[PDB]
Amino acid sequence: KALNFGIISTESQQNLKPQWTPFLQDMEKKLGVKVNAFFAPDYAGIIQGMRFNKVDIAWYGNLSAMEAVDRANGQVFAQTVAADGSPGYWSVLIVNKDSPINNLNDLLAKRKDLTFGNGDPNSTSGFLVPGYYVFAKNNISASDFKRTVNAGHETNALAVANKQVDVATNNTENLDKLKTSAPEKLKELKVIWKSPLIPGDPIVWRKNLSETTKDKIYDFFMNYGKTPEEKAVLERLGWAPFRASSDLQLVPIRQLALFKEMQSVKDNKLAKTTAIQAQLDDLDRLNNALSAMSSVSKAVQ
Amino acid sequence: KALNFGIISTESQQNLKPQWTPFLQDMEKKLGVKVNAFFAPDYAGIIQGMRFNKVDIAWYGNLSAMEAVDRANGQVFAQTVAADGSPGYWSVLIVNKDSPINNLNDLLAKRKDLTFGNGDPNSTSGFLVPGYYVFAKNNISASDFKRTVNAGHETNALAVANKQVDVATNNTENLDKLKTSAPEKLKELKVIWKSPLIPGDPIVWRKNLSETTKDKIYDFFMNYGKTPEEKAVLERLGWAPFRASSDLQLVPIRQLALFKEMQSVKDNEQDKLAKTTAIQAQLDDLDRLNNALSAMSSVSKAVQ
């Protein structure tokens with residue numbers, strides 16, 4: 001039998017395969033089943049792929065994971081851990097080093113005369129986060145720009161670098177990826193804005209996978225990275241060994257999405273605002289619980 | 001609009017009310033709404049009460065909270081904390097001091113000539129925890145005693161005390177409540193067996209309460225105990241200030257209930273197969289969730 005492992009379109013296939021192919025062959029080696037990379041032109045392709053069971057396991061951002069959870073019978077089971085021990089990563093806006101656009105106030109003032117590279121609409125760092133803090137908060141909108149395009153991170157970072165779009169979203173992980181796939185191009189970019197912290201990406205599976213397959217997948221993730229060859233495979237990817245995780249890691253990204261929905265709703269007391277405040281309160285209370293939690297042993301068998 | 005507050009039948013009403021009346025009156029005073037105690041003869045009355053929206057918020061043990069989450073649209077929002085700093089409480093078996101039973105081996109050999117006081121079938125410490133570690137692990141059940149009866153913690157401790165039943169379940173918190181209500185009855189008791197750690201009791205509400213009511217209850221619980229008067233009320237209950245909690249506190253009791261179910265099933269053939277594998281699937285899920293909870297760090301909280 002065979003497993004299909006979804007890879008989000010952060011970068012071109014040609015640039016993802018050197019990082020991924022060796023990880024997937026090792027997954028093949030340990031599991032004793034064939035493992036195929038499953039690519040798509042946008043995050044949506046992976047999410048729908050999982051919904052129709054063409055994807056079994058996937059690397060997602062928190063937003064595309066949340067969607068998979070909500071729409072595609074998905075479930076978080078591990079979390080990536082940045083190799084340098086960053087507690088997460090960050091969203092950015094970039095422009096070419098030669099731009100006179102130096103910051104948000106410049107961008108807000110000039111937006112109707114600029115070309116904008118917006119992110120994949122299911123991207124956490126690419127779409128949602130700048131969507132809230134830069135756009136929603138300043139009640140400006142992406143439609144304002146002379147020209148606006150939703151594109152993957154590499155695409156946006158290369159278009160800025162090549163002076164082909166004035167400004168774009170990106171993230172700090174993908175900028176380090178660019179260091180490797182196109183170093184002279186990274187030299188051409190300037191970060192003009194940086195979001196608050198975003199948590200590491202989840203690995204997610206479909207919940208109708210057999211218990212045996214779930215076990216094998218979970219054991220593989222939890223145990224990868226102990227030998228020199230595996231440790232290497234992880235570094236290329238930007239990662240130390242995975243951490244156990246659950247849908248709970250998604251919480252602030254749910255909060256962020258509801259913050260943004262509220263800004264929108266008010267800009268248009270409404271029932272809608274109460275249904276959303278309900279949801280916010282639920283997440284606030286759960287956040288308090290998570291911080292207050294002491295210890296958690298296995299119930300002694 | 002009146003709020004019904006459920007209180008499990010650990011003790012008699014008359015021993016509950018002086019702990020609970022001051023607490024519910026301060027809650028009325030703070031919330032600006034009428035609060036009424038809801039009692040019932042067994043734990044099931046509280047859980048079923050909430051299921052049909054007759055109980056709005058309740059003090060439960062872990063097991064009965066679990067089934068209020070599964071049956072009664074419940075949700076944990078706070079956890080009680082022992083006043084003396086204990087991280088939890090313990091289940092026990094108790095006999096009269098005059099009895100020669102001194103432990104589990106002493107008990108099991110003689111089990112045929114003994115009368116046994118089991119717990120409320122929805123009680124964590126009364127029924128589940130002994131039902132697993134004493135009964136399932138020693139491959140016996142409560143019917144393997146000469147006579148078996150199901151009762152609340154105070155009923156059981158008073159029956160052992162008055163030499164009306166030879167051995168019963170109880171817990172260390174209730175023994176403390178009996179030291180208060182019936183001190184001359186407590187000194188007649190001796191503990192012969194003690195369970196692993198049980199986590200503090202949660203406070204639970206029904207999820208279909210208005211978000212407004214939920215917010216005011218939540219604020220009430222998180223802020224109670226600032227003044228000498230509130231401190232005294234908590235003290236009477238044997239509690240310090242509450243802490244934020246969620247359904248997540250219930251994971252080890254879900255584990256334990258499933259461990260027990262798997263053993264009960266082994267000892268009731270196609271139907272055993274279908275059930276165990278459904279049980280095992282639930283345990284693997286809880287296992288992964290537990291590993292996730294121990295690995296978490298300084299929780300990420302959206303910056304508005």
# chains A, B, ... in the order shown; residues from 1 in each chain; ligands from 1
>>> interface_residues(of="chain A", to="chain B", cutoff="9 Å", atoms="only C-alpha atoms", output="short mmCIF file (atom, residue, chain, number, x, y, z; two decimals) with N, CA and C atoms, in the first residue's frame")
data_model
loop_
_atom_site.label_atom_id
_atom_site.label_comp_id
_atom_site.auth_asym_id
_atom_site.auth_seq_id
_atom_site.Cartn_x
_atom_site.Cartn_y
_atom_site.Cartn_z
N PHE A 77 -0.92 16.26 14.91
CA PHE A 77 -0.30 15.30 15.81
C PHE A 77 1.14 15.59 16.15
N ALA A 78 1.81 16.45 15.41
CA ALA A 78 3.15 16.86 15.76
C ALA A 78 3.32 18.28 15.32
N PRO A 87 11.00 30.27 19.14
CA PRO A 87 9.76 29.72 19.67
C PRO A 87 8.67 29.75 18.63
N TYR A 133 -3.12 42.86 10.96
CA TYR A 133 -2.37 43.92 11.60
C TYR A 133 -2.05 45.11 10.71
N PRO A 196 3.80 40.01 15.05
CA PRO A 196 4.06 39.19 16.24
C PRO A 196 4.37 37.71 15.93
N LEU A 197 4.86 36.98 16.95
CA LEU A 197 5.24 35.57 16.82
C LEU A 197 4.11 34.69 16.33
N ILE A 198 4.45 33.81 15.40
CA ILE A 198 3.53 32.74 14.96
C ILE A 198 4.14 31.39 15.43
N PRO A 199 3.30 30.46 15.95
CA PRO A 199 3.80 29.12 16.37
C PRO A 199 4.29 28.24 15.18
N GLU A 211 -5.71 2.63 12.77
CA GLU A 211 -4.97 2.79 13.99
C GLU A 211 -3.52 2.36 13.84
N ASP A 215 -0.30 4.85 14.36
CA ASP A 215 0.79 4.49 15.23
C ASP A 215 2.16 4.58 14.57
N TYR A 218 3.13 8.14 13.79
CA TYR A 218 3.33 8.93 15.02
C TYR A 218 4.69 8.51 15.59
N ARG A 243 7.95 17.80 17.78
CA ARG A 243 7.39 17.76 19.09
C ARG A 243 5.98 17.21 18.91
N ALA A 244 5.55 16.41 19.87
CA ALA A 244 4.17 16.02 19.97
C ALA A 244 3.24 17.25 19.99
N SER A 245 2.03 17.15 19.43
CA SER A 245 1.13 18.30 19.45
C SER A 245 -0.29 17.83 19.16
N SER A 246 -1.21 18.78 19.11
CA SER A 246 -2.61 18.51 19.00
C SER A 246 -3.17 19.75 18.40
N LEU A 248 -4.65 21.85 19.78
CA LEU A 248 -4.56 22.98 20.74
C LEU A 248 -3.58 24.03 20.30
N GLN A 249 -2.61 23.64 19.47
CA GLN A 249 -1.61 24.61 19.03
C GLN A 249 -2.21 25.66 18.10
N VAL A 251 -4.91 27.29 18.59
CA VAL A 251 -5.74 28.28 19.28
C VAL A 251 -5.53 29.78 18.92
N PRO A 252 -4.29 30.30 18.92
CA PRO A 252 -4.13 31.76 18.67
C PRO A 252 -4.40 32.18 17.24
N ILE A 253 -4.23 31.22 16.34
CA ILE A 253 -4.53 31.40 14.95
C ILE A 253 -6.06 31.41 14.80
N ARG A 254 -6.79 30.62 15.59
CA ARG A 254 -8.24 30.78 15.61
C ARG A 254 -8.61 32.17 16.13
N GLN A 255 -7.82 32.69 17.08
CA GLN A 255 -8.15 33.93 17.77
C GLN A 255 -7.92 35.06 16.80
N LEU A 256 -6.80 34.97 16.10
CA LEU A 256 -6.43 35.92 15.07
C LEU A 256 -7.46 36.01 13.96
N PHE A 259 -10.39 37.75 15.45
CA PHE A 259 -10.11 39.20 15.61
C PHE A 259 -10.40 39.92 14.28
N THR A 274 -21.84 39.10 18.48
CA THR A 274 -21.99 38.23 19.67
C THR A 274 -21.60 36.79 19.41
N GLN A 277 -17.82 37.05 19.58
CA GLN A 277 -17.36 37.24 20.95
C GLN A 277 -17.51 35.94 21.76
N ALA A 278 -18.60 35.22 21.59
CA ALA A 278 -18.73 33.90 22.21
C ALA A 278 -17.47 33.08 21.94
N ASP A 281 -14.36 34.20 23.72
CA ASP A 281 -14.37 33.97 25.15
C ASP A 281 -13.99 32.49 25.40
N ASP A 284 -10.26 32.38 25.07
CA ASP A 284 -9.64 33.05 26.21
C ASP A 284 -9.63 32.11 27.39
N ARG A 285 -10.79 31.50 27.68
CA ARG A 285 -10.90 30.62 28.86
C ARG A 285 -9.95 29.43 28.71
N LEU A 286 -9.86 28.90 27.49
CA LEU A 286 -9.00 27.74 27.24
C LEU A 286 -7.52 28.12 27.37
N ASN A 287 -7.12 29.24 26.76
CA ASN A 287 -5.81 29.83 27.08
C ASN A 287 -5.48 29.95 28.58
N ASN A 288 -6.42 30.47 29.39
CA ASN A 288 -6.17 30.52 30.81
C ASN A 288 -5.91 29.09 31.36
N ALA A 289 -6.70 28.13 30.91
CA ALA A 289 -6.56 26.75 31.44
C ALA A 289 -5.17 26.20 31.13
N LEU A 290 -4.75 26.32 29.87
CA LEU A 290 -3.48 25.85 29.40
C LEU A 290 -2.28 26.39 30.22
N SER A 291 -2.34 27.68 30.58
CA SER A 291 -1.29 28.29 31.42
C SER A 291 -1.36 27.79 32.85
N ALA A 292 -2.58 27.63 33.35
CA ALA A 292 -2.80 27.21 34.74
C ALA A 292 -2.50 25.72 34.97
N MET A 293 -2.46 24.91 33.91
CA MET A 293 -2.23 23.45 34.04
C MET A 293 -0.92 23.03 34.69
N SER A 294 -1.03 22.28 35.79
CA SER A 294 0.12 21.84 36.59
C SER A 294 0.90 20.74 35.90
N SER A 295 0.60 19.50 36.24
CA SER A 295 1.26 18.34 35.64
C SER A 295 0.22 17.39 35.11
N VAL A 296 0.69 16.43 34.31
CA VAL A 296 -0.19 15.50 33.64
C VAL A 296 0.50 14.15 33.49
N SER A 297 0.39 13.29 34.50
CA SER A 297 0.91 11.92 34.37
C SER A 297 -0.12 11.03 33.65
N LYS A 298 0.38 9.95 33.04
CA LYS A 298 -0.47 8.82 32.68
C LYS A 298 -1.19 8.32 33.94
N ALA A 299 -2.51 8.21 33.87
CA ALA A 299 -3.24 7.40 34.81
C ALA A 299 -2.49 6.05 34.92
N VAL A 300 -2.09 5.71 36.14
CA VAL A 300 -1.37 4.45 36.40
C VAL A 300 -2.20 3.24 36.00
N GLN A 301 -1.68 2.44 35.07
CA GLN A 301 -2.39 1.24 34.67
C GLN A 301 -2.23 0.13 35.74
#
>>> residues_around(residues="residue 140 of chain A", least_positions_apart="6", cutoff="12 Å", atoms="only C-alpha atoms", output="list in words")
residues 104, 105, 107, 108, 109, 110, 111, 112, 130, 131, 132, 133, 134, 263, 264 and 267 of chain A
>>> residues_around(residues="residue 162 of chain B", least_positions_apart="4", cutoff="10 Å", atoms="only C-alpha atoms", output="MDAnalysis selection string")
chainID B and resid 96 156:158 166 185 188:189
>>> write_last_selection(atoms="N, CA and C atoms", output="short mmCIF file (atom, residue, chain, number, x, y, z; two decimals), in the first residue's frame")
data_model
loop_
_atom_site.label_atom_id
_atom_site.label_comp_id
_atom_site.auth_asym_id
_atom_site.auth_seq_id
_atom_site.Cartn_x
_atom_site.Cartn_y
_atom_site.Cartn_z
N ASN B 96 -13.78 -0.89 60.28
CA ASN B 96 -13.78 -0.43 61.67
C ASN B 96 -12.41 -0.68 62.31
N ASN B 156 -21.50 5.75 53.71
CA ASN B 156 -20.54 4.65 53.84
C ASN B 156 -19.68 4.76 55.05
N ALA B 157 -19.16 5.96 55.35
CA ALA B 157 -18.25 6.11 56.48
C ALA B 157 -18.98 5.99 57.80
N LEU B 158 -20.25 6.43 57.85
CA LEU B 158 -21.07 6.27 59.06
C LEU B 158 -21.47 4.78 59.25
N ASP B 166 -18.95 -4.03 56.76
CA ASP B 166 -17.61 -4.40 57.24
C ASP B 166 -16.49 -3.60 56.57
N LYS B 185 -17.28 9.64 65.20
CA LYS B 185 -17.45 8.56 64.21
C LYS B 185 -16.18 8.35 63.37
N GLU B 188 -13.39 5.91 64.78
CA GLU B 188 -13.76 4.52 64.69
C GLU B 188 -13.32 3.92 63.36
N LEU B 189 -12.75 4.74 62.49
CA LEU B 189 -12.39 4.27 61.15
C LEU B 189 -10.89 4.02 61.02
#
>>> select_by_dssp(residues="segment 9-249 of chain A", states="strand (DSSP E)", output="PyMOL selection string")
chain A and resi 34-38+57-59+74-82+89-96+115-119+147-151+167-171+189-198+202-206+239-244
>>> residues_around(residues="segment 35-45 of chain B", least_positions_apart="6", cutoff="8 Å", atoms="only C-alpha atoms", output="PDB file with C-alpha atoms, in the first residue's frame")
ATOM      1  CA  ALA B   2     -32.619  32.182  38.494  1.00  0.00           C
ATOM      2  CA  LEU B   3     -29.377  30.049  38.378  1.00  0.00           C
ATOM      3  CA  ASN B   4     -29.469  26.434  39.550  1.00  0.00           C
ATOM      4  CA  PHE B   5     -26.195  25.282  41.104  1.00  0.00           C
ATOM      5  CA  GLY B   6     -25.702  21.493  41.454  1.00  0.00           C
ATOM      6  CA  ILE B   7     -23.892  19.938  44.416  1.00  0.00           C
ATOM      7  CA  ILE B   8     -23.075  16.209  44.450  1.00  0.00           C
ATOM      8  CA  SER B   9     -24.360  14.114  47.306  1.00  0.00           C
ATOM      9  CA  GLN B  13     -27.808  18.033  52.900  1.00  0.00           C
ATOM     10  CA  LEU B  24     -24.139  30.410  47.002  1.00  0.00           C
ATOM     11  CA  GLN B  25     -25.333  33.612  48.905  1.00  0.00           C
ATOM     12  CA  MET B  27     -22.562  34.217  44.491  1.00  0.00           C
ATOM     13  CA  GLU B  28     -26.092  35.714  44.396  1.00  0.00           C
ATOM     14  CA  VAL B  55     -28.854  22.515  36.601  1.00  0.00           C
ATOM     15  CA  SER B  64     -19.380  12.748  37.055  1.00  0.00           C
ATOM     16  CA  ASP B 120     -22.219   6.008  43.899  1.00  0.00           C
ATOM     17  CA  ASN B 122     -20.835   7.807  39.118  1.00  0.00           C
ATOM     18  CA  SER B 123     -18.244   8.459  41.841  1.00  0.00           C
ATOM     19  CA  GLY B 152     -22.606   8.116  49.191  1.00  0.00           C
TER      20      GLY B 152
END
>>> select_by_dssp(residues="segment 146-236 of chain B", states="helix (DSSP H, G or I)", output="compact mmCIF listing (two decimals) with C-alpha atoms, in the first residue's frame")
# COMPACT_ATOMS: atom_id res chain seq x y z
CA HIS B 153 -19.30 8.80 50.99
CA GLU B 154 -20.83 9.97 54.31
CA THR B 155 -23.41 7.12 54.34
CA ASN B 156 -20.54 4.65 53.84
CA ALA B 157 -18.25 6.11 56.48
CA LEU B 158 -21.07 6.27 59.06
CA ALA B 159 -22.06 2.63 58.28
CA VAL B 160 -18.48 1.39 58.81
CA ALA B 161 -18.22 3.59 61.96
CA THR B 172 -9.39 11.37 52.09
CA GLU B 173 -11.36 14.56 51.50
CA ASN B 174 -14.55 13.01 52.84
CA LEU B 175 -12.76 11.67 55.94
CA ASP B 176 -11.86 15.29 56.59
CA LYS B 177 -15.54 16.28 56.20
CA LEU B 178 -16.47 13.54 58.72
CA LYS B 179 -13.76 14.79 61.15
CA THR B 180 -15.88 18.00 61.03
CA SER B 181 -19.48 16.74 61.04
CA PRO B 183 -15.63 13.50 64.90
CA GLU B 184 -16.63 10.68 67.31
CA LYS B 185 -17.45 8.56 64.21
CA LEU B 186 -14.17 9.29 62.41
CA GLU B 211 -22.25 33.95 26.96
CA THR B 212 -23.11 36.75 29.39
CA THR B 213 -23.99 34.43 32.28
CA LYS B 214 -20.87 32.35 31.43
CA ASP B 215 -18.65 35.42 31.55
CA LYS B 216 -20.03 36.51 35.00
CA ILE B 217 -19.82 33.01 36.49
CA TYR B 218 -16.23 32.71 35.14
CA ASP B 219 -15.28 36.09 36.65
CA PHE B 220 -16.94 35.08 39.94
CA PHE B 221 -14.86 31.90 40.26
CA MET B 222 -11.47 33.36 39.22
CA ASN B 223 -11.80 36.28 41.67
CA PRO B 228 -11.08 37.59 54.89
CA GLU B 229 -14.79 36.65 54.54
CA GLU B 230 -14.42 34.89 51.16
CA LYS B 231 -11.25 33.24 52.42
CA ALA B 232 -13.22 31.87 55.35
CA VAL B 233 -15.90 30.53 53.01
CA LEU B 234 -13.29 28.75 50.87
CA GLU B 235 -11.60 27.42 54.04
CA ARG B 236 -14.87 25.93 55.26
>>> atom_distance(atom1="atom CA of residue 69 of chain A", atom2="atom CA of residue 280 of chain A")
18.2 Å
>>> residues_around(residues="residue 35 of chain A", least_positions_apart="3", cutoff="7 Å", atoms="only C-alpha atoms", output="PyMOL selection string")
chain A and resi 2-4+24+27-28
